[PDB]
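These notes concern the structure reproduced below.
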Amino acid sequence: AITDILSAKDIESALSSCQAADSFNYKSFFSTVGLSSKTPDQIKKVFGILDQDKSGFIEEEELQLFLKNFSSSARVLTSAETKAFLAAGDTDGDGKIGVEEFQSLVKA
């Protein structure tokens, strides 16, 4: 379950909230989904729900499904979402993201 950590009223309110240059204001950061505003421990628990089968790491292949953990309409990431996420998360890896490299991005 993800509700135990995130909020059903914050997740959907954060999806189409930071998709603009004026949409992500000081207020948008306060009403964020919560992940980016969570403690260094629960975040990793939120990344274990993205992986396909938690084989260890999440390559660009399974990264294109990042829009599946939040929304159920967005097919898969594109030439901007997966890049701005992978190149932003993958820090202690190589062509993929795990846990230590995940929370290091959410907290940002």
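Ligands are numbered from 1 in the order shown, residues from 1 within each chain, and chains are lettered A, B, ... in the order they appear in the structure tokens.
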TODO: Could you give me the residues within chain A that DSSP places in strand (DSSP E or B), as a PyMOL selection string?
DONE: chain A and resi 58-59+96-97
Pull the closest atom pair for each residue of segment 4-34 of chain A that gets at most 12 Å from segment 96-106 of chain A, along with the distance in Å to one decimal, counting only C-alpha atoms, ordering rows by chain and then ascending residue number, as a Markdown table.
| residue | atom | partner | partner_atom | distance |
| --- | --- | --- | --- | --- |
| A:32 | CA | A:106 | CA | 11.2 |
| A:33 | CA | A:106 | CA | 10.7 |
| A:34 | CA | A:106 | CA | 9.6 |
- [ ] Could you check how far atom CA of residue 76 of chain A sits from atom CA of residue 64 of chain A, in Å to one decimal?
- [x]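 Here the two named atoms are 4.9 Å from each other.
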Task: Shortest interatomic distance to residue 45 of chain A - which of A:3, A:87, A:93, A:28, counting only C-alpha atoms - done: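 Of A:3, A:87, A:93, A:28, the one nearest residue 45 of chain A, counting only C-alpha atoms, is A:3.
For segment 68-70 of chain A, the residues within 8 Å (counting only C-alpha atoms, excluding itself and residues fewer than 6 positions away along the chain) are residues 11, 12, 15, 49, 50 and 76 of chain A.
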Got time to write the residues from that selection, C-alpha atoms, as a PDB file, in the first residue's frame?
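Wrote it out as out.pdb, contents follow:
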ATOM      1  CA  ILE A  11      -0.766  12.547  -4.995  1.00  0.00           C
ATOM      2  CA  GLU A  12      -3.302  13.582  -7.634  1.00  0.00           C
ATOM      3  CA  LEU A  15       0.737  15.197 -10.468  1.00  0.00           C
ATOM      4  CA  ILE A  49       6.275  -0.098  -5.580  1.00  0.00           C
ATOM      5  CA  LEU A  50       7.656   1.169  -8.889  1.00  0.00           C
ATOM      6  CA  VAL A  76       4.780   5.644 -20.184  1.00  0.00           C
TER       7      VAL A  76
END
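Separating atom CA of residue 26 of chain A from atom CA of residue 84 of chain A is a distance of 21.2 Å.
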